[PDB]
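What follows is one structure encoded as structure tokens, with my remarks underneath.
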Amino acid sequence: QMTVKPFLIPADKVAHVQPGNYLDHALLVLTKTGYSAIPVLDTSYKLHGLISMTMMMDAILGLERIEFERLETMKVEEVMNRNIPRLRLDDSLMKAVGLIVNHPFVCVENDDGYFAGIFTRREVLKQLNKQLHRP
Amino acid sequence: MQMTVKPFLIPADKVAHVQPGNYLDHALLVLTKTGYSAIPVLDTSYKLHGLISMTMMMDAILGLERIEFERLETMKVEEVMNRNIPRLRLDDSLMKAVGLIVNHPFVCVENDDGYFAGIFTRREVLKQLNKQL
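Listed below in structure tokens is the structure:
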């Protein structure tokens, strides 16, 4: 029974944003990263949730218009999703795969309680390919 | 031994899409309703032209002095959609398909007629693998 610790991409290699940053900032980072959502970490590096562009747009959709002016005054904490799956550096690999069937990727918190990195579909699929052999 | 795309396929009618003629603010609106990274761009003939994503839209309007949001109500989807995307066919190997979705959350599939017929996705391959276990 393998565990998460082996496929995990360390936090230092993952972009994130602070819960007090303005949406327009998170928007900028998301545009330049290659992920669907981005972890929201406070100053202590404690994971607070994920935020994606759909989350932002969905919160500024007015009846008459997409109120873009708000991205400059709203902080990420008001839009981010807090109810997210979280894996421990030492959870069953079995458990992790189940979760990435539904989520493009899942956040991994170290044993103390700090964001340690992320478990992705690419890294899992990457291995799978080899156990067969590529195009 | 060598399975094939077909079985995993996700019919096109269960997949949201947009036309090269649509305005970005419209594509923007559609992506916000769907749990997909990007959406296929079909002409009315129903023939794949490329993919559009929120990231592609935001990037085409990132300016020096600001993010020019107003241009989303002006530019058509064809001004930013990636016309250079991988494509499949109902008869391509499953090994070729898996290699492609390692780098792509999902890949477009055109039936032998050259019409969009659905999408090959990571979730569906991972769903299968999760059982195989």
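In order, the protein sequences belong to chains A and B.
If you want PDB author numbering, it's the position in the first sequence, counting the first as 1, plus 9.
If you want PDB author numbering, it's the position in the second sequence, counting the first as 1, plus 8.
Even for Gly, the Cβ is constructed at its ideal location relative to N, Cα and C.
Should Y44 of chain B be labelled buried (16 or more other beta-carbon atoms within 10 Å of its own) or exposed?
Here residue 44 of chain B corresponds to residue number 36 of the second sequence, with the count starting at 1. Burial call: buried.
Kindly list, in the order they appear in chain A, the residues whose Cβ is closer than 8 Å to that of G107 of chain B.
Working through the second sequence from its first residue, we reach residue 107 of chain B at position 99. Those within 8 Å of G107 of chain B in chain A are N138, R143 and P144.
Residues of the segment 116-136 of chain A in Cβ contact with chain B at a cutoff of 9 Å, in chain order, please.
Per Cβ criterion, the list reads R130, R131, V133, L134 and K135.
Closer than 8 Å, Cβ to any Cβ of chain B: which residues of the segment 49-70 of chain A, in chain order?
Result list: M62, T63, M66, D67 and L70.
Report yes if the CB atom of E132 of chain A is closer than 7 Å to the CB atom of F16 of chain A, and no otherwise.
Taking the first residue of the first sequence as position 1, residue 132 of chain A is located at position 123. Taking the first residue of the first sequence as position 1, residue 16 of chain A is located at position 7. Yes; because the gap between Cβ atoms is below 7 Å, this pair is in contact.
Of all the options B:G58, B:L137, B:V106 and B:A68, which has the alpha carbon lying nearest to the alpha carbon of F124 of chain B?
To locate residue 124 of chain B, count along the second sequence from 1; it is residue 116. Cα-wise, what sits closest to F124 of chain B is B:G58.
What would DSSP say about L72 of chain B, mapped onto helix, strand or coil?
Along the second sequence, one-based indexing puts residue 72 of chain B at 64. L72 of chain B: coil per DSSP, three-state reduction.
Quick one: Cα of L80 of chain B to Cα of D99 of chain A, how far?
Sequence index remark: in the second sequence, residue 80 of chain B carries index 72 (1-based). Sequence index remark: in the first sequence, residue 99 of chain A carries index 90 (1-based). Distance between the alpha carbons of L80 of chain B and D99 of chain A is about 45 Å.
Using C-beta distances below 8 Å, list every residue in its chain close to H25 of chain A, excluding the 5 sequence neighbours before and after it, in chain order.
In the first sequence, residue 25 of chain A corresponds to position 16, counting from 1. Around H25 of chain A: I47, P48, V49, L50 and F124.
Can you tell me the Cβ-Cβ gap for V110 of chain B and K135 of chain A, rounded? I've got them flagged as a contact below 8 Å.
Here residue 110 of chain B is taken as the residue at index 102 of the second sequence, counted from 1. Here residue 135 of chain A is taken as the residue at index 126 of the first sequence, counted from 1. About 5 Å separates the two Cβ atoms, so the contact holds.
Starting from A46 of chain B, follow its DSSP beta bridges and name the residues at the other end.
Locating residue 46 of chain B in the second sequence gives position 38, where the first residue counts as 1. Paired residue(s): B:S61.
Any idea if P19 of chain A is buried or exposed, counting beta-carbon neighbours within 10 angstroms, 16 or more meaning buried?
In the first sequence, counting from the first residue as 1, residue 19 of chain A sits at position 10. Flag for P19 of chain A reads exposed.
For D100 of chain A, which residues in chain B fall below 7 Å Cβ to Cβ?
Position 91 of the first sequence, counted from the start, is the residue given in the question as residue 100 of chain A. Correct list: empty, because the minimum Cβ distance to chain B is about 15 Å.
Give me the Cα-Cα distance between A68 of chain A and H142 of chain A, rounded to the nearest whole angstrom.
In the first sequence, residue 68 of chain A corresponds to position 59, counting from 1. In the first sequence, residue 142 of chain A corresponds to position 133, counting from 1. In a straight line, the C-alpha of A68 of chain A is about 44 Å away from that of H142 of chain A.
Counting only the same chain and skipping the five closest in sequence on each side, list residues whose C-beta sits under 7 Å from that of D121 of chain A.
Locating residue 121 of chain A in the first sequence gives position 112, counting from the first residue. Counting only Cβ-Cβ distances below 7 Å, and skipping sequence neighbours, we find nothing.
For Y54 of chain A, collect the residues of the same chain with a Cβ closer than 6 Å to its Cβ; drop the 5 residues on either side in sequence, then sort them by chain order.
Position 45 of the first sequence, counted from the first residue, corresponds to residue 54 of chain A. Closer than 6 Å at Cβ, skipping near neighbours: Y123 and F124.
Name the two residues that bound the continuous beta strand (DSSP E) containing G126 of chain A.
Taking the first sequence and counting its residues from 1, the one referred to as residue 126 of chain A is at position 117. Segment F124 to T129, the beta strand (DSSP E) holding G126 of chain A.
Can you pull out the residues from the segment 71-85 of chain B whose beta carbon lies closer than 7 Å to at least one beta carbon of chain A?
Cβ contacts with chain A come from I75 and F77.
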